[PDB]
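These notes concern the structure reproduced below.
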Amino acid sequence: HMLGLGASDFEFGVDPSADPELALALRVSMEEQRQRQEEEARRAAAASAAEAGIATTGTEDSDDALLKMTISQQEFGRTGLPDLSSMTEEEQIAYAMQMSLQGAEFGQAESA
Amino acid sequence: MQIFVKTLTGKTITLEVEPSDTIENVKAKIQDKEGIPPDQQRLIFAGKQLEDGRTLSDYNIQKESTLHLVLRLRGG
C-alpha cells in the first residue's frame with residue numbers, strides 16, 4: 001500500500017458537514033455568485049423590458065423622474081465654474097490645454 | 001521680458017521673466033505675486049505642458065506670450 005490513493009484522500013475531502021469552515025466557505029462563495037447573476041439578471045431584464053414590454057414589469061414608478069430629479073438637484077448645484085477640485089490636474093490641464101491651442105491658430109492646425 | 005498668465009478664473013497676471021528662465025522659476029514668480037505653492041502651479045502653452053526642467057525659450061514663448069495656469073493635486 002502507499003499514500004497516493006489509500007489514506008491520503010480524506011484531507012477535508014470527505015464531506016462538507018465534517019467542517020463548518022468548509023461548509024460556510026462553499027456557502028459564502030455560492031451566494032456571492034448569485035448576487036452577481038441577480039443584479040445583472042434584474043438590470044438586464046429591466047432594460048429590455050423598457051423596449052418591447054413598456055407596460056408594467058416590477059419597479060417603474062419614477063423612471064424619468066429619477067433621471068430628471070437626479071440631474072435637477074445635481075445640475076442645479078453651483079454651475080458658475082468648470083469645477084476645479086472635483087476633477088484632477090490632468091482634467092484641469094485639459095482645460096488650459098484646450099484653450100491654449102484654441103487661441104492663435106489661423107492656418108496652423110493639426111494637418112498631416 | 002514680460003508675459004501674461006491666465007488662471008481658471010479668467011484672471012491674467014503680468015510677470016517679468018526672460019527666455020532663459022525655467023518653468024519652475026516662472027511658477028515661483030506667480031507664487032510671490034499671488035501666494036500659491038509652485039508645486040500646485042502648472043503652465044500650459046499651445047496645448048503643451050511646460051516641464052520645470054525646460055525654459056520658456058524651449059516652448060518658443062516670446063514676450064507678451066499668454067500662458068495658462070492649472071492646479072495640480074498630488075501633494076499631501
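In the C-alpha cells, chains take letters A, B, ... by order of appearance, with residues numbered from 1 within each chain and ligands from 1 in the order shown.
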Polymer residues at most 7 Å from residue 21 of chain B, only C-alpha atoms, same-chain spacing of 4 or more positions, as a ChimeraX atom specification: /B:17,25,55-56
Okay, now the selection with N, CA and C atoms, as a PDB file, in the first residue's frame?
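Heads up, here's the output in part-v2.pdb:
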ATOM      1  N   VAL B  17       9.862  88.081 -16.865  1.00  0.00           N
ATOM      2  CA  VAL B  17      10.761  86.893 -16.946  1.00  0.00           C
ATOM      3  C   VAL B  17      11.613  86.935 -18.215  1.00  0.00           C
ATOM      4  N   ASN B  25      11.030  78.493 -12.363  1.00  0.00           N
ATOM      5  CA  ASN B  25      11.271  79.902 -11.944  1.00  0.00           C
ATOM      6  C   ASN B  25      10.022  80.736 -12.229  1.00  0.00           C
ATOM      7  N   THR B  55      13.030  75.607 -20.296  1.00  0.00           N
ATOM      8  CA  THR B  55      12.959  77.090 -20.155  1.00  0.00           C
ATOM      9  C   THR B  55      11.880  77.658 -21.080  1.00  0.00           C
ATOM     10  N   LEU B  56      11.452  78.868 -20.834  1.00  0.00           N
ATOM     11  CA  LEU B  56      10.397  79.483 -21.697  1.00  0.00           C
ATOM     12  C   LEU B  56      10.804  79.428 -23.177  1.00  0.00           C
TER      13      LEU B  56
END
Within 8 Å of chain A, which residues belong to chain B? Use only C-alpha atoms and report them as an mmCIF file with C-alpha atoms, in the first residue's frame.
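New file iface.cif:
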data_model
loop_
_atom_site.group_PDB
_atom_site.id
_atom_site.type_symbol
_atom_site.label_atom_id
_atom_site.label_comp_id
_atom_site.auth_asym_id
_atom_site.auth_seq_id
_atom_site.Cartn_x
_atom_site.Cartn_y
_atom_site.Cartn_z
ATOM 1 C CA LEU B 8 -9.107 79.059 -14.370
ATOM 2 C CA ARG B 42 1.105 74.129 -13.837
ATOM 3 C CA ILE B 44 0.247 75.095 -20.296
ATOM 4 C CA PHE B 45 1.019 76.640 -23.714
ATOM 5 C CA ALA B 46 -0.160 75.821 -27.276
ATOM 6 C CA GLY B 47 -1.651 72.622 -25.773
ATOM 7 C CA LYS B 48 1.803 71.571 -24.497
ATOM 8 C CA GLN B 49 2.571 71.238 -20.765
ATOM 9 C CA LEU B 67 0.348 81.037 -20.788
ATOM 10 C CA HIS B 68 -2.364 79.039 -18.978
ATOM 11 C CA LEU B 69 -2.152 78.114 -15.269
ATOM 12 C CA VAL B 70 -3.588 74.835 -13.899
ATOM 13 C CA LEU B 71 -3.899 73.482 -10.333
ATOM 14 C CA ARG B 72 -2.044 70.220 -9.577
ATOM 15 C CA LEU B 73 -3.485 67.977 -6.830
#
To test your reading of the structure, identify every residue in chain B that backbone DSSP assigns to alpha helix (DSSP H), and report it as a PyMOL selection string. chain B and resi 23-33
When distances are computed from only C-alpha atoms, which of B:28, B:1, B:13, B:43 shows the smallest separation from residue 59 of chain B?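 Checking each candidate against residue 59 of chain B, we get B:43 as the closest.
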